[PDB]
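S.K.: What follows is a structure written as structure tokens; I'll ask about it next.
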Amino acid sequence: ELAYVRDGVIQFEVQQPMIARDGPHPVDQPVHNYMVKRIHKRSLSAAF
Amino acid sequence: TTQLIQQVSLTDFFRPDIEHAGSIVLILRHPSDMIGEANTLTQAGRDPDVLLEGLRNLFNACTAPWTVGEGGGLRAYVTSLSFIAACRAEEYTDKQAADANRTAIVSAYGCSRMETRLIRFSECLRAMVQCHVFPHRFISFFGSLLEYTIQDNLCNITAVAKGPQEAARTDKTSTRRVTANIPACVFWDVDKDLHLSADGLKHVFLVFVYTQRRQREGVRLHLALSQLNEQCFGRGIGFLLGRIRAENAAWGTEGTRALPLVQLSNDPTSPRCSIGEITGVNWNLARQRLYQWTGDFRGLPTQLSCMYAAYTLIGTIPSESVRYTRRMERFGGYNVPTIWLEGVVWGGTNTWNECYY
Amino acid sequence: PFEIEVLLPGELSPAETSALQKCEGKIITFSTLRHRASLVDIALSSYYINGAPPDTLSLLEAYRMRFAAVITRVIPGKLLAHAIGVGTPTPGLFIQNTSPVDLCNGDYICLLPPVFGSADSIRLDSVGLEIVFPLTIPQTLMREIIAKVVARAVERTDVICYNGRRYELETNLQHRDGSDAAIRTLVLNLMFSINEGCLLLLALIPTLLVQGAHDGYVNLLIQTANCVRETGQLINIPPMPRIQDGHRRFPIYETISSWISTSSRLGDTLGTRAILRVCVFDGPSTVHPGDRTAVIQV
Amino acid sequence: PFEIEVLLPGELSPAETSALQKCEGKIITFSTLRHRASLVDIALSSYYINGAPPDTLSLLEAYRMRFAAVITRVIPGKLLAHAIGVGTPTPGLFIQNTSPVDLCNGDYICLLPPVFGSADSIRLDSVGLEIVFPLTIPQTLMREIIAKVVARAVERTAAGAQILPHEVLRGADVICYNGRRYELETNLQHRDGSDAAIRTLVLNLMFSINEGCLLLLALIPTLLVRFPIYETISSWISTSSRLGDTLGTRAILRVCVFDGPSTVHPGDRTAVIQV
């Protein structure tokens with residue numbers, strides 16, 4: 001059914017670790033991320 | 001049951017991305033022929049190179065300006081109907097629909113080098129109708145757009161040639177069928193002006209109204225839909241355009257005694273010139289006077305300087321009691337009033353009939 | 001293939017139904033095209049202009065405005081017929097000859113009202129109407145008939161030789177609204193055939209008269225003409241003016257071209273246009289009046 | 001589909017056979033349609049009238065009354081063709097460009113007798129006949145081509161008739177199409193077809209036009225501030241109408257090119273659609 005796709009999509013998700021240090025530094029908090037990607041469309045042809 | 005036509009061209013006058021499927025697309029002849037025709041058909045007294053000035057600036061404001069002269073096959077071949085409708089929008093009667101389509105085609109396109117392009121095309125047509133190079137022999141007709149493929153600034157489009165409109169398969173849209181779409185500015189049915197019944201079969205024509213004055217010329221483009229006959233359309237159009245016909249007959253050309261032939265041939269005892277002296281021995285004292293007539297006619301309205309319209313058959317609609325629908329829908333990022341024609345069979349040879357009366 | 005169905009009126013007498021079955025391959029006209037129609041449109045009563053039967057000059061205008069249709073097999077109830085004008089494929093089309101003149105292969109067919117003796121036409125007493133069928137002649141005979149009819153019109157406000165046989169025409173001009181209209185469209189064509197280049201062509205009369213002799217062919221051109229033969233020995237034709245811009249212009253080009261389009265429009269606006277071409281496969285080369293031929297859409 | 005078979009003659013030289021193989025997509029014009037025909041209908045012999053070879057004015061009338069066809073393929077012993085006539089759905093209809101001007105897409109095809117230069121044609125000396133092929137020009141250029149050729153001939157008569165020529169001029173005539181000029185008939189000498197085939201054409205054109213702006217000048221003397229007078233009118237209408245039907249313009253084919261080169265030069269072959 002590739003002829004009915006009409007702009008599909010796909011997305012990711014990632015997390016990051018953190019270190020525990022003290023002193024004259026601001027504290028750290030965990031961070032998360034969210035990405036997204038769409039699909040491309042190309043065709044092929046041949047004559048006869 | 002139907003046939004298709006393909007052609008690649010530059011996308012400076014046509015954008016198959018924004019244009020709706022089923023709109024009219026026209027093509028242009030090589031611009032190099034315009035000057036070769038103008039310098040030989042220009043009226044006496046008028047400057048023949050104002051068209052060249054108006055034409056050079058058109059391509060100067062167009063991509064790849066160093067590609068004019070050879071015609072290798074990579075020029076701006078095709079164009080859209082809405083393009084000319086927006087170029088001459090200041091002349092149509094439907095004020096708001098004209099200007100809406102104009103701003104829409106400006107915004108949906110590059111919108112950076114688009115306004116300049118439009119004004120160049122405007123005086124380009126204005127100079128076209130300045131030396132009798134009327135733009136009804138340089139604008140052909142293609143069918144409604146069916147499929148297109150573009151990668152950058154160069155597109156390959158295919159359109160129907162002749163036959164039923166919904167007999168093709170666009171095969172990438174939601175449905176596999178398309179109908180003819182036109183801007184509401186160009187649509188002009190004449191039967192509802194002529195006050196006759198609108199039932200049965202109706203033909204489709206394109207007209208090119210011309211106004212010829214001093215430094216003020218105008219050219220519209222109307223898609224007429226009428227039941228009138230093939231040739232009777234000419235007599236019908238003159239009744240509505242009787243004003244411009246008379247205006248042109250008086251402002252078209254801006255750059256002597258009779259002889260009683262039948263009288264002096266009905267009566268005898270007139271100076272005769274029998275063949276015996278025209279044999280060719282002394283054919284000057286034989287024709288010394290024989291008359292004078294002091295006659296010459298140089299400045300007179302020709303049938304080409306009084307022309308005001310030129311039409312051509314495009315297609316018919318066999319289904320009686322047509323039900324064309326008009327509504328406003330989004331065209332890019334703006335809404336424009338479009339009229340939707342269904343079941344129209346294309347055909348007919350490209351022959352132009354000129355209404356000079 | 002487009003066809004129109006003419007519903008015959010009921011309660012028809014058997015004699016008229018047989019006479020209607022005789023009209024197998026004739027031509028009828030319609031004002032508005034539609035699949036279903038009535039017998040009133042085909043009747044001559046529909047041709048009325050003000051309140052009366054039409055005129056031969058009014059008929060020439062009704063023929064251009066009305067659509068054309070060709071009768072085909074008729075059944076007792078319905079009357080089948082196909083369209084002509086609109087582009088539509090029709091396999092195996094045929095027409096019945098109605099003119100007294102014979103036709104051959106490769107002749108264009110025209111359409112003119114009955115100018116000869118009283119038109120043979122079906123008459124219906126019970127319904128109260130009658131239908132007149134148009135007359136079909138080739139192109140050459142068409143242009144000669146129009147020329148003499150228009151000339152007789154100017155006279156008010158005839159013999160034609162074809163294939164060594166002479167005929168006559170009883171033209172009818174009981175109206176006046178249409179007669180003066182033909183005068184208008186005539187002078188408008190002559191007026192648009194006058195440009196700056198007539199002077200040159202009007203100055204070549206003496207060398208034409210010289211070329212008339214010792215040629216044996218131009219004489220026939222000269223005898224049929226009257227004006228140039230009379231003006232050739234009566235006018236002086238002052239020699240020549242100059243050209244405004246002769247360095248880049250060709251003045252005799254327009255006049256030789258301006259006349260081409262004018263003459264082509266003349267044959268159609270004055271009368272009718274070519275509608276059909278006759279080309280029969282596996283048939284006789286010449287058809288006789290009353291017989292049918294296979295014709296091709298133009 | 002209707003097709004016409006032209007019977008190839010026996011005992012034909014191999015050189016004439018090879019040249020016939022070349023003219024694959026050319027136009028033949030048939031008098032009467034039939035599945036079997038002879039070469040006599042194709043040769044110029046069938047075209048001439050009154051004994052003398054045909055005239056340009058006569059050829060123009062020939063192309064209207066006579067039906068056209070298109071060769072499809074030649075065979076070492078047979079020759080086939082298809083008709084452009086009544087209803088034939090000819091598949092894969094291709095023609096070869098015979099005119100010196102180029103063609104593009106969406107251009108309608110008309111026909112014309114050879115006027116510019118000497119017509120090329122195959123000549124069969126063994127059988128003793130030759131076959132002349134018509135010219136294929138676009139529609140927009142046809143009306144201009146005729147007006148330029150006739151106007152050229154009248155200029156020659158004027159230069160001869162007038163005691164002095166009015167030579168001062170713009171240079172040389174030329175037809176431009178797709179940015180290509182044709183520069184026809186450069187030299188004044190070599191009057192090949194000056195009065196050889198367009199002689200009678202100029203004559204009939206020089207009389208009807210002369211009758212045009214003369215009859216009006218002799219009927220309404222207000223324009224410029226014994227005698228029939230009606231038979232002249234009827235004769236003028238009958239002539240000018242017939243001459244207009246002669247110099248008509250009716251397209252016969254349409255160049256519909258798919259997946260191919262848009263512009264095409266003299267000598268190339270393209271697929272065309274039946275109009």
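Quick note on naming: the chains in the structure tokens go A, B, ... in the order shown, residues restart at 1 in each chain, and ligands are numbered from 1 in order of appearance.
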Select, as a list in words, those residues of chain D with any atom no more than 6 Å from chain C (distances computed using only C-alpha atoms).

M.R.: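 Per the criterion, chain D yields residues 65, 86, 147, 169, 170, 213, 234, 237, 238, 240, 241 and 244 of chain D.
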
S.K.: Take the residues that were just selected and, keeping C-alpha atoms, output them as a PDB file, in the first residue's frame.

M.R.:
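See again28.pdb below for the written result:
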ATOM      1  CA  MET D  65     -10.829  16.048 -53.902  1.00  0.00           C
ATOM      2  CA  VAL D  86     -13.122   7.894 -42.411  1.00  0.00           C
ATOM      3  CA  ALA D 147       1.062  35.238 -49.385  1.00  0.00           C
ATOM      4  CA  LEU D 169      13.800  47.625 -50.668  1.00  0.00           C
ATOM      5  CA  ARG D 170      14.441  46.054 -47.267  1.00  0.00           C
ATOM      6  CA  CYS D 213     -11.302  47.477 -54.753  1.00  0.00           C
ATOM      7  CA  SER D 234     -22.742  37.590 -59.629  1.00  0.00           C
ATOM      8  CA  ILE D 237     -19.155  36.455 -56.003  1.00  0.00           C
ATOM      9  CA  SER D 238     -18.913  33.126 -57.825  1.00  0.00           C
ATOM     10  CA  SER D 240     -14.034  34.932 -55.134  1.00  0.00           C
ATOM     11  CA  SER D 241     -15.986  32.194 -53.353  1.00  0.00           C
ATOM     12  CA  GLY D 244     -11.404  31.016 -51.251  1.00  0.00           C
TER      13      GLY D 244
END

S.K.: Please, which residues of chain B lie no more than 10 Å from chain A when the count uses only C-alpha atoms, and can they be set out as an MDAnalysis selection string?

M.R.: chainID B and resid 171:174

S.K.: Mind writing the picked residues with C-alpha atoms as a PDB file, in the first residue's frame?

M.R.:
ATOM      1  CA  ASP B 171      -3.400   7.613  -9.646  1.00  0.00           C
ATOM      2  CA  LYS B 172      -1.678   9.595  -6.917  1.00  0.00           C
ATOM      3  CA  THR B 173      -4.436  11.833  -5.550  1.00  0.00           C
ATOM      4  CA  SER B 174      -7.208  10.668  -3.243  1.00  0.00           C
TER       5      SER B 174
END

S.K.: With only C-alpha atoms considered, list every residue of chain B at most 7 Å from chain C, as an NGL selection string.

M.R.: :B and (39-40 or 44 or 200-201 or 229 or 232 or 272-274 or 278-279 or 287 or 289-292 or 294-295 or 297-298 or 302-303 or 320)

S.K.: As number ranges by chain, which residues of region 90-208 of chain C does DSSP assign to strand (DSSP E)?

M.R.: C: 93-96, 103-104, 108-109, 122-123, 130-131, 159-162, 165-168

S.K.: Okay, now the selection with C-alpha atoms, as a compact mmCIF listing (two decimals), in the first residue's frame?

M.R.:
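Heads up, here's the output in result.txt:
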# COMPACT_ATOMS: atom_id res chain seq x y z
CA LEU C 93 -23.24 6.94 -42.43
CA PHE C 94 -25.43 7.38 -45.50
CA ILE C 95 -27.52 10.10 -47.15
CA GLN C 96 -30.32 9.96 -49.71
CA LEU C 103 -23.17 13.38 -57.45
CA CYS C 104 -19.87 11.53 -57.79
CA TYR C 108 -18.47 18.29 -50.67
CA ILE C 109 -22.13 18.55 -49.68
CA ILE C 122 -44.41 14.78 -46.10
CA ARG C 123 -47.69 16.35 -44.98
CA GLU C 130 -45.73 19.22 -42.39
CA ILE C 131 -41.97 18.64 -42.53
CA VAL C 159 -30.59 29.83 -65.70
CA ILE C 160 -27.83 27.53 -64.43
CA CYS C 161 -26.05 25.07 -66.72
CA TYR C 162 -24.78 21.91 -65.03
CA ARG C 165 -28.42 20.75 -68.68
CA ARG C 166 -30.11 24.04 -67.83
CA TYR C 167 -32.27 24.68 -64.77
CA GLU C 168 -34.24 27.58 -63.30

S.K.: Might you pull out every residue within 12 Å of residue 167 (chain D), with only C-alpha atoms counted and same-chain residues fewer than 2 positions away left off, and present them as a list in words?

M.R.: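 Skipping anything fewer than 2 positions along the chain leaves residues 246 and 247 of chain C; 155, 156, 158, 159, 160, 162, 164, 165, 169, 170, 171, 172 and 188 of chain D.
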
S.K.: How many Å separate CA of residue 16 (chain D) from CA of residue 126 (chain D)?

M.R.: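 Going from CA of residue 16 (chain D) over to CA of residue 126 (chain D), I get 9.0 Å.
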
S.K.: Just the residues within 12 Å of residue 42 (chain A), please, counting only C-alpha atoms, with nothing from its chain fewer than 6 positions along; format it as a PyMOL selection string.

M.R.: (chain A and resi 2-3) or (chain B and resi 149-151)

S.K.: Can I get the selected residues back with N, CA and C atoms, as an mmCIF file, in the first residue's frame?

M.R.:
data_model
loop_
_atom_site.group_PDB
_atom_site.id
_atom_site.type_symbol
_atom_site.label_atom_id
_atom_site.label_comp_id
_atom_site.auth_asym_id
_atom_site.auth_seq_id
_atom_site.Cartn_x
_atom_site.Cartn_y
_atom_site.Cartn_z
ATOM 1 N N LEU A 2 2.039 1.219 -0.582
ATOM 2 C CA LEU A 2 2.904 2.391 -0.614
ATOM 3 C C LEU A 2 2.280 3.567 -1.348
ATOM 4 N N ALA A 3 1.250 3.334 -2.157
ATOM 5 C CA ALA A 3 0.568 4.396 -2.880
ATOM 6 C C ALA A 3 -0.474 5.111 -2.032
ATOM 7 N N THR B 149 6.055 15.912 -12.422
ATOM 8 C CA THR B 149 7.190 15.520 -11.589
ATOM 9 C C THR B 149 8.245 16.609 -11.706
ATOM 10 N N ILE B 150 8.720 17.115 -10.573
ATOM 11 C CA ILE B 150 9.662 18.224 -10.542
ATOM 12 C C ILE B 150 10.727 17.934 -9.493
ATOM 13 N N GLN B 151 11.958 18.368 -9.763
ATOM 14 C CA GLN B 151 13.051 18.222 -8.809
ATOM 15 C C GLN B 151 13.604 19.573 -8.368
#

S.K.: Would you please work out which residue, of B:241, B:21, B:264, B:87, is nearest to chain D when using only C-alpha atoms?

M.R.: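 Closest to chain D of all the choices is B:264.
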
S.K.: Could you please tell me, as a ChimeraX atom specification, which residues of chain D have an atom within 6 Å of chain B when using only C-alpha atoms?

M.R.: /D:176-179,221,224-226,258

S.K.: Please produce a file of the residues just selected, as a PDB file, in the first residue's frame, where the atoms kept are N, CA and C atoms.

M.R.:
ATOM      1  N   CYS D 176      10.844  33.066 -40.336  1.00  0.00           N
ATOM      2  CA  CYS D 176      11.463  32.699 -39.071  1.00  0.00           C
ATOM      3  C   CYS D 176      10.506  31.830 -38.269  1.00  0.00           C
ATOM      4  N   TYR D 177      11.032  30.754 -37.694  1.00  0.00           N
ATOM      5  CA  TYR D 177      10.237  29.842 -36.883  1.00  0.00           C
ATOM      6  C   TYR D 177      11.163  29.126 -35.917  1.00  0.00           C
ATOM      7  N   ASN D 178      10.829  29.178 -34.626  1.00  0.00           N
ATOM      8  CA  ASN D 178      11.650  28.579 -33.573  1.00  0.00           C
ATOM      9  C   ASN D 178      13.071  29.133 -33.597  1.00  0.00           C
ATOM     10  N   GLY D 179      13.191  30.437 -33.828  1.00  0.00           N
ATOM     11  CA  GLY D 179      14.503  31.053 -33.894  1.00  0.00           C
ATOM     12  C   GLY D 179      15.365  30.546 -35.025  1.00  0.00           C
ATOM     13  N   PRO D 221     -19.343  56.073 -55.100  1.00  0.00           N
ATOM     14  CA  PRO D 221     -18.289  57.079 -55.305  1.00  0.00           C
ATOM     15  C   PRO D 221     -18.107  58.045 -54.144  1.00  0.00           C
ATOM     16  N   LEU D 224     -14.262  58.389 -51.422  1.00  0.00           N
ATOM     17  CA  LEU D 224     -13.199  59.386 -51.460  1.00  0.00           C
ATOM     18  C   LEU D 224     -13.826  60.744 -51.746  1.00  0.00           C
ATOM     19  N   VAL D 225     -13.818  61.620 -50.747  1.00  0.00           N
ATOM     20  CA  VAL D 225     -14.383  62.953 -50.896  1.00  0.00           C
ATOM     21  C   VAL D 225     -13.476  63.808 -51.768  1.00  0.00           C
ATOM     22  N   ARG D 226     -26.672  48.579 -71.857  1.00  0.00           N
ATOM     23  CA  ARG D 226     -25.377  49.183 -72.144  1.00  0.00           C
ATOM     24  C   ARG D 226     -24.320  48.701 -71.155  1.00  0.00           C
ATOM     25  N   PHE D 258       5.205  11.794 -27.232  1.00  0.00           N
ATOM     26  CA  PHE D 258       5.340  11.302 -25.871  1.00  0.00           C
ATOM     27  C   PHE D 258       6.710  10.659 -25.708  1.00  0.00           C
TER      28      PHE D 258
END

S.K.: Taking the chain letters and numbering used in this document, name the residues of region 46-275 of chain D that DSSP puts in helix (DSSP H, G or I), as a ChimeraX atom specification.

M.R.: /D:46,56-65,142-161,199-215,231-246
